[PDB]
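Here is what each chain is made of, one letter per residue.
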Amino acid sequence: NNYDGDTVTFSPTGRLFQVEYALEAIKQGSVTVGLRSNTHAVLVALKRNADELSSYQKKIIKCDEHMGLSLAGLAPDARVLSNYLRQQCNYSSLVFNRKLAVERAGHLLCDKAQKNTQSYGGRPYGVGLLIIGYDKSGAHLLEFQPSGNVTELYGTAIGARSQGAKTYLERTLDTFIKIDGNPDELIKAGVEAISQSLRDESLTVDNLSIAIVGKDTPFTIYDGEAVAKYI
Amino acid sequence: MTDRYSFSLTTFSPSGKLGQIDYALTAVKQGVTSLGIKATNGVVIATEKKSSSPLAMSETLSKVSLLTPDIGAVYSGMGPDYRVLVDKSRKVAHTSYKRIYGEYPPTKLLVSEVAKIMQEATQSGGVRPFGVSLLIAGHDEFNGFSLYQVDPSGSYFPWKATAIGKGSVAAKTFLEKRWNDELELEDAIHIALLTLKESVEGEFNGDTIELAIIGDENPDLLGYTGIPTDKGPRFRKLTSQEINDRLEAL
Amino acid sequence: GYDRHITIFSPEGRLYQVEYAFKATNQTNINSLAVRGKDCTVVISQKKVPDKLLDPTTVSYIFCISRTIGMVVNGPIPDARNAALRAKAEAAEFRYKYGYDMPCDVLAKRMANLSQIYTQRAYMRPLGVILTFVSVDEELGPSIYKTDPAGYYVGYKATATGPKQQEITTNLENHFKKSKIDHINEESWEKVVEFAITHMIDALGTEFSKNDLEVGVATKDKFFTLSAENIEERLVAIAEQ
Amino acid sequence: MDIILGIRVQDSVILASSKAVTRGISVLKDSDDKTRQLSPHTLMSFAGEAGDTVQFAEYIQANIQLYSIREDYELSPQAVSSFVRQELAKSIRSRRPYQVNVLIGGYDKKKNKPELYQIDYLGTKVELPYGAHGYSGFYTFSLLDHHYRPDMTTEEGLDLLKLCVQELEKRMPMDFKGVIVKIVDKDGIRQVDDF
Amino acid sequence: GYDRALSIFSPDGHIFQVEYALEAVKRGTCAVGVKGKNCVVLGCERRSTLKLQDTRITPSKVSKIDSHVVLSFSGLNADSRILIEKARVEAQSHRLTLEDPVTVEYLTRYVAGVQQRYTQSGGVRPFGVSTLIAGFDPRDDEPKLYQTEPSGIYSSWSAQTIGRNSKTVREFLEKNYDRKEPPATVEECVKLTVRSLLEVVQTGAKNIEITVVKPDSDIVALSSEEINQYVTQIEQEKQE
Amino acid sequence: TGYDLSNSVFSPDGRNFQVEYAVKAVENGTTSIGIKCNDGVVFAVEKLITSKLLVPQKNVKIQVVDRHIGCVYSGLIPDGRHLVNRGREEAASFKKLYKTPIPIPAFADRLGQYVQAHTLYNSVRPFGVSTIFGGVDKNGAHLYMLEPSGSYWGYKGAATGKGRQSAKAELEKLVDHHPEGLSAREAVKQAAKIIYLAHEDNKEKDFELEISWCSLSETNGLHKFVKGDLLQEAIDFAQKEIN
Amino acid sequence: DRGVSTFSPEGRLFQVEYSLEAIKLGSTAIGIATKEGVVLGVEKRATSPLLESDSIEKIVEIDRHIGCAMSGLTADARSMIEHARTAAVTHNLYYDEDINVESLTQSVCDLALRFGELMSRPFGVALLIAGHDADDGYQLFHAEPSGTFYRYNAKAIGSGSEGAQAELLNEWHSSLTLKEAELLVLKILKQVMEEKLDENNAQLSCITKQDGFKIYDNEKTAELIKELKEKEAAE
Amino acid sequence: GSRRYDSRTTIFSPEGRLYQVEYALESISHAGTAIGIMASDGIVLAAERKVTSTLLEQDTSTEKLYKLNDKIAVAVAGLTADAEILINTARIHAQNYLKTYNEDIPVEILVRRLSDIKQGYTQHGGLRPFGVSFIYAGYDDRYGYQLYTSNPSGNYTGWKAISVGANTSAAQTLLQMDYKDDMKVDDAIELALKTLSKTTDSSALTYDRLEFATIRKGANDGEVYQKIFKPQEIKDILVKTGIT
Amino acid sequence: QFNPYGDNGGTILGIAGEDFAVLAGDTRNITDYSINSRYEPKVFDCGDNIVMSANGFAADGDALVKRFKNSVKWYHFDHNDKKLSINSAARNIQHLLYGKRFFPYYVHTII
Ligand SMILES: [Mg+2]
């Protein structure tokens, strides 16, 4: 109200409204789902078009051979944060000959976002991210909020109507965590999860975007006729 | 962090007034009275030592300050602002003059440097004006004895005699009746003590009054002998006893 | 009304942020007192540990700035420690540059100048503290110099700070009106501490245990604080006459 | 480059400058013009280290042309020569100094007088009736000391200049491929196309 | 450093500081440009509220940027000096590096670029100046006339006016200027330019300045008497 | 009014309202505690299980500084991470120049001065965390708690977050009933109980317990996380006491 | 006042949303992508008849294989064009090849959100970037001041955009010839323009693999306008 | 943060005016009147000191008339402290030019430089403008005797006769009435003093309330002399012209 | 005085066929008259069907190959996984080398 003019101001109840407004941009974004087993991790994203002449906005970005994310909210902010992740993954490989742990990548994203919430002149990031990866401790899924809060999960969803997919994953938890050594079934579970968030529209061949990383699987993105098999 | 106030805090109002300078002058008006009188063979500057507590040792608080051996200063208004201005004035007398010409600046030019510092606090980013008016007395070979007033705006004017602060309006009228161009230094000191008594409520003695002169060279205060051309400082602060001696002939 | 938020002049020529910093000074509800002996300078301050979960040995508002200089603070502990760290840095730098120990009055002036800057520069706020510096100076002898949020400072024969400063001040004034000297005419610092505690008891009208007080003593070439058991010995001597 | 000469007569200043450009082993060009017009009545010839000569000359030219446009006024030869001297005096204590020596020939329209200034790369300025840089003066000054008169015509100045060039062509070891000669007077700057 | 964003968008998509800079131009004295078949004429209004002026030394309204290009303006006089100095420096820089003087379009594009920059840089306000830039490209005999404004947009004009009451003189030019047959001589072009200013000026005395630019760096400012002869001939034809 | 719209502004009371609003964010956070024992310190924190999809034991909250200091905080988690990052820089530079690992009181002031610095200007926001930290140095065990104002003191026991009142009362009983002191293993058990008891203020969702400790005898003065059998033993002891 | 980088309660940046309003006031620009090339067309919209309309430059070459049309505060486009040209040329210097149309567009869009208290405000202009590369063929992108860019088969920006986009929805199919696209841009520009469309107040351009980016002569466009008039009178 | 307290000194009003410049001009309209008159054989500068005192040391006092070099002087109207900042900058520019070209700086070039400095404070930096208007009296060998004025906007213009400060409307009308082109310095001296005498807000015009200066080629042969009048010399010229 | 350069010996050979190419090198690494390693790989697969060797001072050689491999990675990131053609790789390596024109990589590179 009187306390939402900038990110450097607490409200009388201890809230940061500019951060909360940045969180609101994610809720307007298109739905994206993340889930994992013990061998693989999967991203599923519903892409949004401007109209029937337009392309569908890409949602998934590769960060390294073993890591990548999906976005919901301001796309240019996701480009800035994913570029930072690419650099940090790269620094780890060049200097230490070491693939960057997914948990450490989450810590780095948290700290980068935090600096934009405590200083004058800046603004919070207006995007949410779902990071999947396979490192020395197996498969991982992270959820990033521009408040700085990063959380490790078995499954989750962000964007508009993400609550339907999140409840489905909460039911299916005991089933999909056991889908080891079967990439196609794990993606099926993710496609079924994201379906619990659709209204009026359904998953088409230029609508659907899928990514997977695992034990002997580099981070790869599937679009176009490559996802028709799952429609 | 970083100073993010890079804009002026003093600006022109629709009526053409610079508010912050006017308000600084109001702070000076509330300040304790100080005065200066120029004689043919010297200048006197004086003020009241308004002690904040009787447990305070008011001799450790100097309202009259030596700037150079031949230049002294007194103020009305905010004490702390004065103290830092005295530090800056002492330093600028060296950096912008003595380290260049090998001699101390003439009164008018040191006044000019102090004025410039006060002007800049009126235009520079993220600062308020100084809340003091200064009276600067001094002597130099080619200009003789002189007395200047410097205001928060940075403006300065030369005076034969003047007063600033609390009871300045009444004190200036008192000085207009007594001043002539034939006064000797002792006459000016006498008039200074008479003028200052009017604005002082409580005790009026050598311990509650601070008074200094710019007069003859004091070879006894030089600290060394052997160089004929060096004859000692013309600034001298009167002692508590010296003031009381002149209060009997009052 | 933004002339109340930053350090610029009000229409009356006042600095409200400076005035409000003086009010923050009494937020701890602690009173302090300083007096001078023949050979020493003593400072005492109330100690209140309101929480049983606190480690009482870490609750302090007296600071050892240098070997010779001590400082008691009236105001919140964050601003107190800010000022303490700076005073320690300034004293150490002085000794390095000029080859002799920083005098008590010179450190007070330096901290007062820093405070003056906060009243003139908008981006910096005043510290909500009053700083009382004590030492036995090698030139001036026993010394008390006190700084405030306005950038004002002066020397004292004796002084008091806190919510009930006036009561202590008047009590001290009355004693020095009788004795007609600028100090406590006593040989040992132990008896000067006993004088300081006695006159605080008289002025505040309250009794003190060993854990209710905090004492700092400056002698030639060192400033030190007393332990609870040293204070207890002081309290026993007061009660026994 | 090599030989640059100057002579101030009654009503004009004459500058003579060699045409050769030599890259160590070979003479790459024999028609090089070692001069820049700074303003309608001011000409500057130059010699020194390769590259720096033309870079400095064009830099000066640009600055004087800028002044002319800003004020709608032509600076006096004295004022131009002072500006050039300061630039070279600044340059000599730089990281990499301009290794350039110049002659400035101008006609002052206010005083109705020709003026010749000699400035070396250090910023050493002198006003002269005649001047040179490098070894040129060693061969020509004894001839100029003998024949020069302050009331000489332009034609007499050119004839004395021919005698100087002939002595240079006789006793100098280097082939400088002749000189381009330019005259600066009340009507401006012109080139003598047969010399 | 002072970084405050003074030029920003409003809810309706307007940048008010740029639009208010145009209001400063509206207040400035009228300037007009007309191109003939082989010349361009720049006319300027001088407000006669200031007499006891020394006209020898007072800043003239038309400024040479190079020997072949001129610039006139309407708006804040102090602001215009900064644009004129920058343009003059760029003109010499172009000669130094390209070894050819600026085209009129290039010089216009540069000045317009400077004006645009001051509409999305922190800590600065836009120029309260619109300009008319006229001249001939090197070794070209085709007349050139361009206009710039505070926003930084620029364009070429057969004839144009800026400043106070420029709506009136543009009205005149739009009905009196024929594109198929532009003023064939210097005389005809100067006459049409003086006529256009007489719609707005007041007394045809020291209130009208006229500068003629022809090809090959031929630029001359007309005197009071020469302009006065145009003023005389125009009204004697009008008495009919 | 308007005194609460900008950091570092004194109100007519002499208060910094922006710092007081930061405390509200701290009070909104989960419960975290610290217990000082005979030869060390124990830290414990309540981790709210927002969903079944949270991977158990993975989202670690307690942080190590150097090798001998543990840090836990309640409020805005990112702010706490920023403070620990600074603490790690401070500890590194101290050890670089002076060789010895940073003493706990020395480390306390480094955090204190940094947090206090964020109350001096309007260009920064105060920290939205209260941090409980400590460890073992050459003078023994030390436990500290640091507030948004920059204020810190030494503690026998400390608590912050939504269930701080409940926790404080439990800590006060331990101080009274053990003037001689508490063993490191006893302190781990007691820490488990206190977090379980303090979880009543957050009873809607279930939680995960996380404990760490530094002890001269039990961990060689190094900070370690309580894991496996010792953690389960503490969970059992806690569950027995609430029933 | 309020920060230049402030979010609204709906999660949108105030300044970006306001710049989009300025673009709505701009003159119309239309692009149509076919398998034979991409066409770009603009409304010139001269403010007065004395303004020489061929000095209005709202279609611009970035490289031989990439063109661009603008709508909104067109002065703001100059530094964007400068950056685009530099990025295209720099990539050719570093990699001895043509830059991809998408990569060029992304480089331009990276400038967009570089404002705060960097430039003081967002750009007040939208761009249609058209081109060809070997990997993705003929492409048309819409670059906004939000930093977002969408690829389009056909797109209209400026004051007549929503009427024009509805028209493009009906007319575009994957088999359009270059000639059919040219007439289609002219037809829709004529529909949304205030003044009557001719070769002096409208401008056409195209990008083909063979000939690269070309701005059409007024004589060439005049013929296509005459061809349009006759085929509309043909039924 | 800090934006809250920023007055924004360099913005346009909806009418396209610069607030701070306009308000600074309002300030200057209360300053003592300064007049400059240009004649064929020299220039006169006359200015009124603001309500003075009998205890002010006049013979060492300077608030209106300042020397920039041997050929150029200025009359000040506005904040004296602001003026001295600019005056020192102008003195340095003149010496910079003399060092660079070995010729005295032409009057207009000095005026343009100071005016550009004033302009800068209106367009960037977020600082308040200088509350000063200058009258420049000078001589160079290109244009001869010249009068200019500059104000806080950084705009400058040339004049045959001009006033700044208080009552400029009344003063300018009186000057416009009696000024002629063939006028001489001694006639201009009289006009300047007569104009101040009629426009002054004081009861009478006396020597202690005036500062006076002339720039004459009344220096022995082809050279120029500046004369800052002494208090007694102002008293004599007041008697000579019949005002006292 | 410190010499930042050394010589690790080695010999490499590249031959282009009609529809193939070979890049060969010996595996011996040396300083002065000593053998450091009998098998230290010197020719590297850099991705996108490109092989590279930077022979001479091995520290500079390893640094250059490492930076080029990195350049291939970022080319994919920045240009939609486009394959880096051999001519484009060559021009890119020129800029990597000339970037240190006044403190050169002391190697002879072949791709
Ligand atoms: Mg402040």
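Residues numbered from 1 in each chain as written, not as in the entry; some residues may be left out. Chains lettered and ligands numbered in written order. Part of a larger assembly, values for the part shown. Heavy atoms only, no water.

- In terms of determination method and resolution, the entry is listed under X-ray crystallography at 2.80 Å.

## Details of the overall build of chain A
Then, number 1: Counting its secondary structure elements, chain A contains five helices and ten strands.
Then, number 2: For 231 residues, the compact-globule estimate of 2.2 N^0.38 gives 17 Å, and the C-alpha radius of gyration of chain A, at 18 Å, lies within 12% of that figure.
Then, number 3: If you line up chain A on its principal axes, its C-alpha atoms span 50 × 50 × 35 Å.
Then, number 4: For chain A, buried positions account for 60% of its 231 residues.
Then, number 5: Within chain A, contacts between residues separated by at least 24 positions form 62% of all contacts whose residues are at least 6 apart in sequence.
Then, number 6: Total accessible area on chain A is roughly 9300 Å²; 46% of this is exposed by carbon and sulfur atoms.
Then, number 7: Here chain A holds 25 positive side-chain charges and 26 negative ones, and the gap between their average locations is 4 Å. (Helix = DSSP H or I, 4+ residues; strand = E, 2+ residues; numbered from the N terminus. Rg over C-alpha atoms; globule rule 2.2 N^0.38 Å. Buried < 20%, exposed > 50% of the residue type's maximum accessible area, 1.4 Å probe, protein only. Contact = heavy atoms within 4.5 Å. Areas by Shrake-Rupley, 256 points an atom, 1.4 Å probe, with all protein chains shown as cover. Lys, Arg positive; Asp, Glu negative; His and termini not counted. Charge placed at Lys NZ, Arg CZ, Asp CG, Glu CD.)

## Some thoughts on the nonpolar core
Then, number 1: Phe-133 of chain C together with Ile-33 and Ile-211 of chain F are the most contacted members of the largest nonpolar core, which has 93 residues in total.
Then, number 2: With nine residues, helix 5 (residues 184–198) of chain F is the largest single contributor of residues to this core.
Then, number 3: Those residues in contact with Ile-211 of chain F that lie beyond four places of it in its chain are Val-42, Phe-43, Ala-44, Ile-62, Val-188, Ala-192, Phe-225, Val-226, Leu-231 and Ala-234 of chain F. (Core = buried A, V, L, I, M, F, W, Y, C linked by side-chain atoms within 4.5 Å.)

## What to know about the interface of chain E and chain H
Then, number 1: Tallying the contact residues gives 31 residues for chain E and 41 residues for chain H.
Then, number 2: Between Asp-6 of chain H and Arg-4 of chain E there is a salt bridge whose closest N-O contact spans 3.2 Å.
Then, number 3: On the surface where chain E and chain H come into contact, there are 17 residue pairs in polar contact.
Then, number 4: Broken down by secondary-structure element, the contributors of at least two residues to the side of chain E that touches chain H are helix 1 (16–27) and helix 2 (77–98) of chain E.
Then, number 5: Of the residues forming the side of chain E that touches chain H, the biggest block, six residues, is contributed by helix 1 of chain E. (Salt bridge = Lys/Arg side-chain N within 4 Å of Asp/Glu carboxyl O. Polar contact = N/O pair within 3.5 Å; in protein donor to acceptor, adjacent residues only side chain to side chain.)

## Things to note about the coordination of the magnesium ion
All names here are of chain C.
Then, number 1: Distances from the magnesium ion to its protein donors, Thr-7 (OG1), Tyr-118 (O), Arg-121 (O) and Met-124 (O), fall within 2.0 to 2.6 Å.
Then, number 2: Sequence spacing among the residues donating to the magnesium ion works out to T-x110-Y-x2-R-x2-M. Residue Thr-7 is located in the segment before helix 1 (16–24), and its partner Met-124 is located in the loop between helix 3 (104–120) and strand 5 (130–137); the two are separated by 117 residues in the primary sequence.
Then, number 3: On the basis of relative accessibility, which here comes to 3%, the residue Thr-7 falls in the buried class.
Then, number 4: Since its relative accessible area comes to 12%, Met-124 is described here as buried. (Donors = N, O, S within 2.8 Å, 3.2 Å for Na, K, Ca; no water.)

## Section: a nonpolar patch on the surface
Then, number 1: A contiguous nonpolar patch, built from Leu-13, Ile-15, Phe-20 and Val-22 of chain I and spanning about 390 Å² of accessible area, is present on the exposed surface.
Then, number 2: With respect to the helices and strands, the residue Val-22 of chain I is situated in strand 2 (residues 21–25). (Patch = residues over 30% accessible without salt bridge, like charges linked within 9 Å, V, L, I, M, F, W, Y side chains within 5 Å.)

## A few points about a negative patch on the surface
All names here are of chain C.
Then, number 1: Taken together, the side chains of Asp-101, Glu-138, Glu-139 and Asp-221 present a region of like negative charge at the surface.
Then, number 2: Summarising the element assignment, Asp-101 is placed in the loop between helix 2 (77–98) and helix 3.
Then, number 3: Since its relative accessible area comes to 41%, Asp-101 is described here as partly exposed.

## Considering the sheet that holds strand 2 (residues 42–48) of chain H
Residues and elements named next belong to chain H.
Then, number 1: Across the sheet, five strands lie side by side as 8-1-2-9-10; this open sheet has antiparallel pairing. Looking at strand neighbours, the two that pair on one side only are strand 8 (161–164) and strand 10 (223–228), the edges of this open sheet. Each neighbouring strand pair of the sheet contributes to a mean axis angle of 10 degrees, computed without reference to strand direction.
Then, number 2: Across six bridges, the pairing between strand 1 (residues 34–39) and strand 2 is antiparallel. Residue pairing across strands places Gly-36 opposite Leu-45, the latter belonging to strand 2.
Then, number 3: Set on the sheet, helix 5 (residues 185–199) makes contact with strand 1, strand 2 and strand 9 (210–219); between it and strand 2 the angle comes to about 20 degrees.
Then, number 4: Packed on one face of the sheet, helix 6 (residues 231–240) meets strand 9 and strand 10 and runs near 85 degrees to strand 9. (Pairing = 2+ DSSP bridges. Axes fitted to C-alpha atoms, helices over the stretch in contact; angles between N-to-C directions.)

## Some words on the pairing of strand 5 (residues 66–72) of chain G
All names here are of chain G.
Then, number 1: Here strand 5 lies mainly inside the structure; six of its seven residues are buried.
Then, number 2: For strand 4 (residues 59–63) and strand 5, the ladder comprises four bridges, and the chain directions are antiparallel. The residue bridging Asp-63 from the neighbouring strand is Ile-66, located in strand 5.
Then, number 3: Between the end of strand 4 and the start of strand 5, which pair antiparallel, lie two residues.
Then, number 4: Relative to strand 6 (residues 125–133), strand 5 runs antiparallel, the two sharing seven bridges. What sits directly across from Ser-71, in strand 6, is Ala-126.

## Focus: unusual backbone geometry
For residues other than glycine, phi is negative in most cases, and the peptide bonds are mostly trans.
Then, number 1: Here the phi dihedral of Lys-99 of chain F falls at roughly 75 degrees; this positive angle occurs in a residue that is not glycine.
Then, number 2: Mapped onto the elements, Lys-99 of chain F comes out in the loop between helix 2 (77–98) and helix 3 (104–117).
Then, number 3: Here the phi dihedral of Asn-80 of chain I falls at roughly 50 degrees; this positive angle occurs in a residue that is not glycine.
Then, number 4: Positionally, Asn-80 of chain I belongs in the loop between helix 1 (58–78) and helix 2 (86–98).

## Observations regarding the pairing of strand 2 (residues 40–46) of chain A
Residue and element names in this part refer to chain A.
Then, number 1: Summarising burial for strand 2: seven of the seven residues are buried, a large majority.
Then, number 2: Every second residue of strand 2 is oriented toward a common face, with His-40, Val-42, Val-44 and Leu-46 on one face and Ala-41, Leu-43 and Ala-45 on the other, all of them buried.
Then, number 3: Hairpin connection of strand 1 (residues 32–36) to strand 2: three residues between the antiparallel strands.
Then, number 4: Pairing of strand 2 with strand 9 (residues 208–214) involves seven bridges; the strand directions are antiparallel. If you follow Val-44 over to strand 9, its bridge partner there is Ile-210.

## Let's talk about the sheet that holds strand 7 (residues 100–108) of chain D
Residue and element names in this part refer to chain D.
Then, number 1: Sheet architecture is open: five strands sit in the order 5-6-7-8-9, paired in antiparallel fashion. Looking at which strands have only one partner, the edges of the open sheet turn out to be strand 5 (35–39) and strand 9 (125–127). Adjacent strand axes in the sheet meet at a mean angle of 20 degrees when their direction is disregarded.
Then, number 2: As defined by bridge partners, strand 5 adjoins strand 6 (residues 42–48) across four bridges and the pair is classed as antiparallel. Residue pairing across strands places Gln-37 opposite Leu-43, the latter belonging to strand 6.
Then, number 3: Contacting strand 5, strand 6 and strand 7, helix 1 (residues 52–71) runs over the sheet at an angle of about 15 degrees to strand 5.
Then, number 4: Packing against the sheet, helix 2 (residues 77–91) makes contact with strand 5, strand 6, strand 7, strand 8 (113–119) and strand 9, and its axis sits at approximately 5 degrees to strand 8.

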